[PDB]
Number of protein chains: 2
Amino acid sequence: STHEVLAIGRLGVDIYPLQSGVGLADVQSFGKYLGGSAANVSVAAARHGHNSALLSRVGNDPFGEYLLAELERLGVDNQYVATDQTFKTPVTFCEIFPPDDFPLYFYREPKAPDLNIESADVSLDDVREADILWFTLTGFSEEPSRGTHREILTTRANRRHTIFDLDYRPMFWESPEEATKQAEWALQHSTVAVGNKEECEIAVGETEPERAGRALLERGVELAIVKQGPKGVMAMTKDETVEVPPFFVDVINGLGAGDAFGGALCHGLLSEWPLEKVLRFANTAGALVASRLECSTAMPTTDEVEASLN
Amino acid sequence: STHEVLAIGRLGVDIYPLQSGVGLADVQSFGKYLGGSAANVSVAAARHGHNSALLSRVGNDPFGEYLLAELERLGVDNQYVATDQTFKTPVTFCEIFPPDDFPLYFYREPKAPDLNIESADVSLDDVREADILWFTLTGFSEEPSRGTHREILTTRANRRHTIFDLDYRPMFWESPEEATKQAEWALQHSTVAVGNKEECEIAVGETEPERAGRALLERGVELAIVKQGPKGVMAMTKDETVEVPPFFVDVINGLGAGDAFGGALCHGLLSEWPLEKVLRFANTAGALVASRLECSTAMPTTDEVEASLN
């Protein structure tokens with residue numbers, strides 16, 4: 001029981017509005033879906049036909065039971081999602097103001113189950129053997145998950161591919177300095193790094209994309225992916241720098257666009273494709289999720305991404 | 001500005017299912033309502049035409065701003081609902097399994113704004129002069145709310161009517177013994193106590209409604225109201241013992257039925273009705289909320305209760 005993609009990190013219930021363009025005071029009803037970045041990435045990888053697993057936790061409650069069943073329904077192995085005996089399954093609300101404004105309201109207090117992960121919760125054989133290990137900067141925000149991440153990544157030993165989502169949300173950290181310290185350690189144990197401008201700033205102290213990628217490769221990462229929003233997205237190795245323009249769509253809900261990108265990145269890397277094709281494929285996958293109201297339930301299949309790739 | 005009913009305690013957003021008889025895993029959409037027991041009692045009192053106010057707080061977020069606007073839309077003076085600068089507006093979920101099972105899932109972590117109330121948040125003149133002061137045992141569960149309740153109840157000096165809802169939620173306390181200790185002090189500073197069997201057990205160590213009522217009178221209240229479920233309600237004074245049977249209805253969501261009862265009890269006391277009329281009216285009011293999916297928006301008017309009685 002080795003997996004192609006072993007993702008580690010956030011899992012929770014998204015309670016999102018069923019009317020768009022209204023603030024929470026005007027929302028009349030909300031839906032319910034599986035979410036959390038790491039969980040979304042494990043789903044997106046599964047939708048590309050890969051055998052995918054998530055290391056996370058849920059609470060000992062009906063929302064946690066929901067998420068465990070939904071992961072399996074969406075094609076993700078849930079065997080490393082333990083039930084926490086103390087903390088509640090987190091909920092996240094949002095507002096939906098297209099094209100660019102999707103405010104998030106996290107209820108992850110006082111600690112999310114997903115930040116209570118123990119290396120006991122996972123097979124370290126699978127950690128070593130997995131084709132891809134996917135993890136987040138948020139995973140280093142609190143103990144015991146920080147120490148667990150360090151154990152996992154030490155034993156992982158920078159095997160191809162070990163993918164670091166630079167995932168910076170200031171409200172999850174005591175300070176930017178705290179996040180940078182952890183990101184620096186994690187970069188030295190990663191083969192791929194993915195972040196936007198704020199994220200790359202936190203991780204390597206570089207606002208400009210080309211300097212960002214260079215700073216990331218200096219840590220020993222062999223593929224830097226710098227998301228640029230307006231200017232699109234760049235992929236950099238020691239052998240080549242590739243850039244792709246933004247795939248323009250009618251955005252319904254942009255939340256989790258980057259997780260579908262991350263899942264599609266995993267597929268392109270497992271497929272051994274050229275870097276330009278990986279980045280094109282990943283870039284299109286994220287736009288497809290952004291063009292729908294849903295995320296975890298709406299993750300694009302490989303045929304839907306290949307069709308849209310023009 | 002003196003109110004007829006000054007309620008103190010919890011206030012939150014109810015995120016309740018729009019489908020009944022299904023667990024959270026099978027709920028497809030949720031509504032968004034003002035809720036919290038003291039907030040509900042203030043709304044219920046208002047719907048019987050009484051001038052009512054709530055001492056509580058909200059978080060500095062869109063859900064808190066909603067609750068400020070919803071209180072006022074529902075006819076309750078929000079002047080004593082301050083915006084807490086630290087903690088988030090709480091949300092509560094439930095499952096709706098009639099006739100008898102309405103489990104609650106509170107997100108009140110690490111602290112609810114309502115438990116951060118300070119004596120400076122309220123007019124102490126209104127505390128002293130309001131016809132009815134209504135408070136909950138949950139208000140004693142944490143500081144500074146505990147201290148605030150103490151200061152308030154000391155200055156009120158047991159004037160008619162000072163109403164103690166024995167409101168016992170085990171998860172809000174470190175132990176039942178800590179709840180009992182606070183309930184003994186509150187009972188010495190109250191004129192009316194209202195609770196179900198389990199709440200009377202916590203408060204005075206009696207489960208049988210006649211012994212509980214005598215025990216509550218010995219602690220110093222003038223009127224003990226023991227709710228007995230399908231066997232109705234008992235009211236006891238030093239001169240009088242009265243039992244009223246329930247009002248039969250097809251139950252959808254029993255949540256908030258106690259709160260409708262409380263607002264209706266406020267109306268009966270303010271009207272100086274005989275005890276048996278007060279209980280019948282209050283039982284019917286509770287039964288009508290029990291009949292509906294909604295809680296705060298389903299609090300009945302006096303004419304609606306009258307129509308059900310007649």
# chains A, B, ... in the order shown; residues from 1 in each chain; ligands from 1
$ interface_residues --of "chain B" --to "chain A" --cutoff "6 Å" --atoms "only C-alpha atoms" --output "ChimeraX atom specification"
/B:24-25,28-31,66,109-110
$ residues_around --residues "residue A:288" --least-positions-apart "6" --cutoff "8 Å" --atoms "only C-alpha atoms" --output "short mmCIF file (atom, residue, chain, number, x, y, z; two decimals) with N, CA and C atoms, in the first residue's frame"
data_model
loop_
_atom_site.label_atom_id
_atom_site.label_comp_id
_atom_site.auth_asym_id
_atom_site.auth_seq_id
_atom_site.Cartn_x
_atom_site.Cartn_y
_atom_site.Cartn_z
N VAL A 249 -11.02 33.25 -17.75
CA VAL A 249 -12.39 32.67 -17.72
C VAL A 249 -13.37 33.61 -17.01
N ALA A 257 -8.84 27.28 -6.55
CA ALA A 257 -8.19 27.30 -7.89
C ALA A 257 -6.74 26.78 -7.86
N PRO A 300 -11.36 19.02 -11.95
CA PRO A 300 -11.43 18.61 -13.36
C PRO A 300 -10.71 17.29 -13.62
N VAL A 305 -9.49 18.89 -18.77
CA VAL A 305 -8.36 19.82 -18.84
C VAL A 305 -7.71 19.81 -20.23
#
$ select_by_dssp --residues "stretch 38-150 of chain A" --states "helix (DSSP H, G or I)" --output "ChimeraX atom specification"
/A:38-47,62-73,113-116,119-121,124-129,137-140,145-150
$ select_by_dssp --residues "stretch 135-276 of chain A" --states "strand (DSSP E)" --output "list in words"
residues 135, 136, 162, 163, 164, 165, 192, 193, 194, 195, 223, 224, 225, 226, 227, 228, 229, 232, 233, 234, 235, 236, 241, 242, 243 and 244 of chain A
$ write_last_selection --atoms "N, CA, C and O atoms" --output "compact mmCIF listing (two decimals), in the first residue's frame"
# COMPACT_ATOMS: atom_id res chain seq x y z
N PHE A 135 2.93 18.93 0.78
CA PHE A 135 2.71 19.57 2.06
C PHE A 135 2.66 21.10 1.97
O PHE A 135 3.00 21.68 0.94
N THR A 136 2.27 21.71 3.09
CA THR A 136 1.94 23.13 3.19
C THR A 136 2.76 23.81 4.27
O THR A 136 3.16 23.17 5.24
N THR A 162 9.06 16.08 -3.92
CA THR A 162 8.65 16.51 -2.58
C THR A 162 8.28 17.98 -2.72
O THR A 162 9.17 18.84 -2.88
N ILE A 163 6.96 18.24 -2.69
CA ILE A 163 6.41 19.48 -3.19
C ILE A 163 5.93 20.33 -2.01
O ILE A 163 5.06 19.91 -1.28
N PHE A 164 6.49 21.53 -1.87
CA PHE A 164 6.18 22.46 -0.80
C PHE A 164 5.25 23.56 -1.31
O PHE A 164 5.68 24.45 -2.06
N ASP A 165 3.99 23.53 -0.89
CA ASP A 165 3.07 24.65 -1.12
C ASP A 165 3.38 25.71 -0.05
O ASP A 165 3.18 25.48 1.14
N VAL A 192 10.36 20.55 -5.02
CA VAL A 192 9.54 21.54 -5.73
C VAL A 192 9.01 22.54 -4.70
O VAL A 192 8.67 22.14 -3.58
N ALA A 193 8.96 23.82 -5.08
CA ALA A 193 8.33 24.89 -4.30
C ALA A 193 7.34 25.66 -5.20
O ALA A 193 7.69 26.04 -6.33
N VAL A 194 6.13 25.88 -4.66
CA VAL A 194 5.02 26.60 -5.32
C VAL A 194 4.53 27.73 -4.40
O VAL A 194 4.07 27.47 -3.29
N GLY A 195 4.63 28.97 -4.86
CA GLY A 195 4.02 30.07 -4.14
C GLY A 195 3.74 31.26 -5.00
O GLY A 195 4.34 31.41 -6.06
N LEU A 223 12.75 22.66 -8.86
CA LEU A 223 11.67 23.30 -9.64
C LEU A 223 10.99 24.35 -8.77
O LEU A 223 10.35 24.00 -7.79
N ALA A 224 11.12 25.63 -9.14
CA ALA A 224 10.38 26.73 -8.49
C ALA A 224 9.21 27.10 -9.39
O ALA A 224 9.38 27.21 -10.61
N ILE A 225 8.03 27.26 -8.79
CA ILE A 225 6.83 27.71 -9.49
C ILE A 225 6.33 28.96 -8.79
O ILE A 225 5.87 28.90 -7.65
N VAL A 226 6.44 30.10 -9.48
CA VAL A 226 6.08 31.38 -8.94
C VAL A 226 4.79 31.83 -9.63
O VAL A 226 4.81 32.19 -10.81
N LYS A 227 3.69 31.80 -8.88
CA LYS A 227 2.40 32.29 -9.36
C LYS A 227 2.43 33.82 -9.34
O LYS A 227 2.92 34.41 -8.36
N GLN A 228 1.97 34.44 -10.43
CA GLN A 228 2.05 35.91 -10.63
C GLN A 228 0.70 36.62 -10.87
O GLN A 228 0.69 37.85 -11.05
N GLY A 229 -0.41 35.87 -10.87
CA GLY A 229 -1.76 36.41 -11.00
C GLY A 229 -2.02 37.11 -12.33
O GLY A 229 -2.32 36.43 -13.31
N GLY A 232 0.60 35.95 -14.90
CA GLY A 232 0.45 34.51 -15.16
C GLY A 232 1.21 33.65 -14.17
O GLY A 232 0.96 33.73 -12.96
N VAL A 233 2.13 32.81 -14.67
CA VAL A 233 2.89 31.87 -13.83
C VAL A 233 4.17 31.41 -14.54
O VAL A 233 4.15 31.13 -15.74
N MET A 234 5.26 31.35 -13.77
CA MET A 234 6.60 30.96 -14.24
C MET A 234 7.01 29.66 -13.57
O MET A 234 6.75 29.48 -12.39
N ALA A 235 7.65 28.78 -14.32
CA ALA A 235 8.31 27.58 -13.80
C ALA A 235 9.79 27.70 -14.13
O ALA A 235 10.14 28.05 -15.26
N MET A 236 10.65 27.44 -13.14
CA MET A 236 12.11 27.60 -13.29
C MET A 236 12.82 26.35 -12.80
O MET A 236 12.55 25.91 -11.69
N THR A 241 13.80 28.28 -17.87
CA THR A 241 12.74 29.12 -17.31
C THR A 241 11.60 29.19 -18.34
O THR A 241 11.83 29.53 -19.50
N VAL A 242 10.40 28.83 -17.90
CA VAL A 242 9.20 28.78 -18.73
C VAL A 242 8.17 29.70 -18.10
O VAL A 242 8.06 29.76 -16.87
N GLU A 243 7.41 30.41 -18.94
CA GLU A 243 6.30 31.25 -18.48
C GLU A 243 5.03 31.02 -19.33
O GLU A 243 5.13 30.67 -20.51
N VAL A 244 3.86 31.18 -18.71
CA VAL A 244 2.54 30.95 -19.34
C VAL A 244 1.63 32.14 -19.01
O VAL A 244 1.60 32.56 -17.85
$ closest_residue --among "B:283, B:210, B:53, B:151" --to "residue B:131" --atoms "only C-alpha atoms"
B:53
$ atom_distance --atom1 "atom CA of residue A:127" --atom2 "atom CA of residue A:11"
18.9 Å
$ closest_residue --among "A:182, A:310, A:51, A:253" --to "residue A:100" --atoms "only C-alpha atoms"
A:253
$ residues_around --residues "residue A:259" --least-positions-apart "3" --cutoff "8 Å" --atoms "only C-alpha atoms" --output "number ranges by chain"
A: 37-38, 40-41, 44, 256, 262-263, 286
$ closest_residue --among "B:308, B:86, B:58, B:43" --to "residue B:72" --atoms "only C-alpha atoms"
B:43
$ residues_around --residues "residue A:35" --least-positions-apart "5" --cutoff "8 Å" --atoms "only C-alpha atoms" --output "list in words"
residues 11, 12, 13, 14, 40, 295 and 296 of chain A
$ write_last_selection --atoms "N, CA, C and O atoms" --output "short mmCIF file (atom, residue, chain, number, x, y, z; two decimals), in the first residue's frame"
data_model
loop_
_atom_site.label_atom_id
_atom_site.label_comp_id
_atom_site.auth_asym_id
_atom_site.auth_seq_id
_atom_site.Cartn_x
_atom_site.Cartn_y
_atom_site.Cartn_z
N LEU A 11 -7.86 20.08 6.41
CA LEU A 11 -9.10 19.43 6.02
C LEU A 11 -10.21 19.99 6.89
O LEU A 11 -10.06 20.09 8.10
N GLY A 12 -11.32 20.34 6.26
CA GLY A 12 -12.40 20.99 6.98
C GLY A 12 -13.64 21.10 6.13
O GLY A 12 -13.62 20.70 4.97
N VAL A 13 -14.72 21.60 6.73
CA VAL A 13 -15.99 21.77 6.02
C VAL A 13 -16.10 23.21 5.54
O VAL A 13 -15.95 24.14 6.31
N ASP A 14 -16.36 23.38 4.25
CA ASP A 14 -16.62 24.68 3.65
C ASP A 14 -18.12 24.87 3.70
O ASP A 14 -18.87 24.03 3.19
N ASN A 40 -8.11 19.29 -0.78
CA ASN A 40 -8.46 19.64 -2.16
C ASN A 40 -7.44 19.12 -3.18
O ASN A 40 -7.83 18.66 -4.26
N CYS A 295 -15.69 23.42 -5.69
CA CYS A 295 -14.24 23.11 -5.76
C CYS A 295 -14.00 21.61 -5.63
O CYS A 295 -13.81 20.94 -6.66
N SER A 296 -14.05 21.07 -4.40
CA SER A 296 -13.75 19.64 -4.13
C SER A 296 -14.61 18.70 -4.96
O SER A 296 -14.09 17.75 -5.56
#
$ residues_around --residues "residue A:9" --least-positions-apart "4" --cutoff "12 Å" --atoms "only C-alpha atoms" --output "PyMOL selection string"
chain A and resi 35-42+53-58+80-81+112-118+133-142+145-146+148-149+164-165+167
$ atom_distance --atom1 "atom CA of residue A:49" --atom2 "atom CA of residue A:299"
11.8 Å
$ residues_around --residues "stretch 200-208 of chain A" --least-positions-apart "5" --cutoff "8 Å" --atoms "only C-alpha atoms" --output "PDB file with C-alpha atoms, in the first residue's frame"
ATOM      1  CA  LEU A 166       4.318  27.933   0.381  1.00  0.00           C
ATOM      2  CA  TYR A 168       1.063  31.750   3.826  1.00  0.00           C
ATOM      3  CA  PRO A 176       5.931  36.684   9.459  1.00  0.00           C
ATOM      4  CA  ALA A 179       6.730  31.596   9.099  1.00  0.00           C
ATOM      5  CA  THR A 180      10.002  32.470   7.287  1.00  0.00           C
ATOM      6  CA  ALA A 183       9.763  27.884   5.348  1.00  0.00           C
ATOM      7  CA  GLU A 184      13.608  28.108   5.195  1.00  0.00           C
ATOM      8  CA  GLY A 195       4.024  30.075  -4.140  1.00  0.00           C
ATOM      9  CA  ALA A 215      16.289  32.313  -4.263  1.00  0.00           C
ATOM     10  CA  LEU A 216      14.176  29.097  -4.098  1.00  0.00           C
ATOM     11  CA  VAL A 226       6.076  31.381  -8.945  1.00  0.00           C
TER      12      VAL A 226
END
$ decode --residues "stretch 122-153 of chain A" --atoms "N, CA and C atoms" --output "JSON list (two decimals), in the first residue's frame"
[["chain", "number", "residue", "atom", "x", "y", "z"],
["A", 122, "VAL", "N", 0.64, 8.08, 10.30],
["A", 122, "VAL", "CA", 0.96, 7.74, 8.92],
["A", 122, "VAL", "C", 1.95, 6.56, 8.85],
["A", 123, "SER", "N", 1.98, 5.89, 7.70],
["A", 123, "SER", "CA", 3.01, 4.91, 7.36],
["A", 123, "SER", "C", 4.21, 5.66, 6.83],
["A", 124, "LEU", "N", 5.32, 5.58, 7.57],
["A", 124, "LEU", "CA", 6.58, 6.18, 7.14],
["A", 124, "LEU", "C", 7.16, 5.45, 5.91],
["A", 125, "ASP", "N", 6.81, 4.19, 5.73],
["A", 125, "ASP", "CA", 7.16, 3.45, 4.49],
["A", 125, "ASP", "C", 6.53, 4.15, 3.29],
["A", 126, "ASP", "N", 5.24, 4.48, 3.40],
["A", 126, "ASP", "CA", 4.52, 5.22, 2.36],
["A", 126, "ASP", "C", 5.10, 6.63, 2.18],
["A", 127, "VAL", "N", 5.44, 7.32, 3.28],
["A", 127, "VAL", "CA", 6.13, 8.64, 3.21],
["A", 127, "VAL", "C", 7.39, 8.59, 2.31],
["A", 128, "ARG", "N", 8.18, 7.53, 2.48],
["A", 128, "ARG", "CA", 9.39, 7.29, 1.69],
["A", 128, "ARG", "C", 9.09, 6.85, 0.26],
["A", 129, "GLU", "N", 8.10, 5.98, 0.11],
["A", 129, "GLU", "CA", 7.84, 5.34, -1.19],
["A", 129, "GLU", "C", 6.98, 6.12, -2.16],
["A", 130, "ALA", "N", 6.11, 6.99, -1.64],
["A", 130, "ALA", "CA", 5.22, 7.75, -2.48],
["A", 130, "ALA", "C", 5.95, 8.51, -3.60],
["A", 131, "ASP", "N", 5.37, 8.45, -4.80],
["A", 131, "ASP", "CA", 5.91, 9.15, -5.95],
["A", 131, "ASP", "C", 5.99, 10.64, -5.64],
["A", 132, "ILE", "N", 4.92, 11.18, -5.04],
["A", 132, "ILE", "CA", 4.84, 12.59, -4.64],
["A", 132, "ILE", "C", 4.41, 12.75, -3.17],
["A", 133, "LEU", "N", 5.17, 13.53, -2.40],
["A", 133, "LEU", "CA", 4.73, 14.00, -1.08],
["A", 133, "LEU", "C", 4.39, 15.47, -1.23],
["A", 134, "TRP", "N", 3.16, 15.85, -0.85],
["A", 134, "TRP", "CA", 2.67, 17.23, -0.94],
["A", 134, "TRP", "C", 2.40, 17.74, 0.48],
["A", 135, "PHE", "N", 2.93, 18.93, 0.78],
["A", 135, "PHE", "CA", 2.71, 19.57, 2.06],
["A", 135, "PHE", "C", 2.66, 21.10, 1.97],
["A", 136, "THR", "N", 2.27, 21.71, 3.09],
["A", 136, "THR", "CA", 1.94, 23.13, 3.19],
["A", 136, "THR", "C", 2.76, 23.81, 4.27],
["A", 137, "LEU", "N", 3.00, 25.11, 4.10],
["A", 137, "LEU", "CA", 3.61, 25.92, 5.14],
["A", 137, "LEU", "C", 2.74, 25.98, 6.42],
["A", 138, "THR", "N", 1.43, 26.03, 6.27],
["A", 138, "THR", "CA", 0.50, 25.99, 7.43],
["A", 138, "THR", "C", 0.77, 24.80, 8.38],
["A", 139, "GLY", "N", 1.20, 23.67, 7.80],
["A", 139, "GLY", "CA", 1.58, 22.49, 8.57],
["A", 139, "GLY", "C", 2.66, 22.72, 9.63],
["A", 140, "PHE", "N", 3.50, 23.75, 9.41],
["A", 140, "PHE", "CA", 4.53, 24.18, 10.37],
["A", 140, "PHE", "C", 4.09, 25.29, 11.36],
["A", 141, "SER", "N", 2.82, 25.69, 11.34],
["A", 141, "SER", "CA", 2.35, 26.83, 12.14],
["A", 141, "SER", "C", 2.19, 26.54, 13.63],
["A", 142, "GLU", "N", 1.95, 25.28, 13.97],
["A", 142, "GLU", "CA", 1.75, 24.84, 15.35],
["A", 142, "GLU", "C", 2.34, 23.45, 15.57],
["A", 143, "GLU", "N", 2.78, 23.21, 16.81],
["A", 143, "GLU", "CA", 3.09, 21.86, 17.29],
["A", 143, "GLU", "C", 1.78, 21.18, 17.70],
["A", 144, "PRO", "N", 1.69, 19.83, 17.58],
["A", 144, "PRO", "CA", 2.74, 18.87, 17.15],
["A", 144, "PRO", "C", 2.98, 18.75, 15.64],
["A", 145, "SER", "N", 2.10, 19.35, 14.81],
["A", 145, "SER", "CA", 2.24, 19.24, 13.34],
["A", 145, "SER", "C", 3.60, 19.69, 12.79],
["A", 146, "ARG", "N", 4.17, 20.72, 13.38],
["A", 146, "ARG", "CA", 5.53, 21.17, 13.01],
["A", 146, "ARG", "C", 6.57, 20.08, 13.16],
["A", 147, "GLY", "N", 6.61, 19.49, 14.35],
["A", 147, "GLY", "CA", 7.57, 18.40, 14.65],
["A", 147, "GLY", "C", 7.30, 17.17, 13.79],
["A", 148, "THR", "N", 6.01, 16.93, 13.52],
["A", 148, "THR", "CA", 5.58, 15.83, 12.65],
["A", 148, "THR", "C", 6.05, 16.05, 11.22],
["A", 149, "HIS", "N", 5.87, 17.28, 10.71],
["A", 149, "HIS", "CA", 6.38, 17.66, 9.39],
["A", 149, "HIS", "C", 7.90, 17.49, 9.28],
["A", 150, "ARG", "N", 8.62, 17.92, 10.30],
["A", 150, "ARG", "CA", 10.08, 17.78, 10.32],
["A", 150, "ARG", "C", 10.51, 16.31, 10.31],
["A", 151, "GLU", "N", 9.83, 15.47, 11.10],
["A", 151, "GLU", "CA", 10.11, 14.02, 11.07],
["A", 151, "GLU", "C", 9.90, 13.42, 9.68],
["A", 152, "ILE", "N", 8.73, 13.70, 9.11],
["A", 152, "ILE", "CA", 8.31, 13.18, 7.80],
["A", 152, "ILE", "C", 9.27, 13.59, 6.68],
["A", 153, "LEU", "N", 9.59, 14.89, 6.63],
["A", 153, "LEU", "CA", 10.49, 15.44, 5.63],
["A", 153, "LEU", "C", 11.94, 15.04, 5.78]]
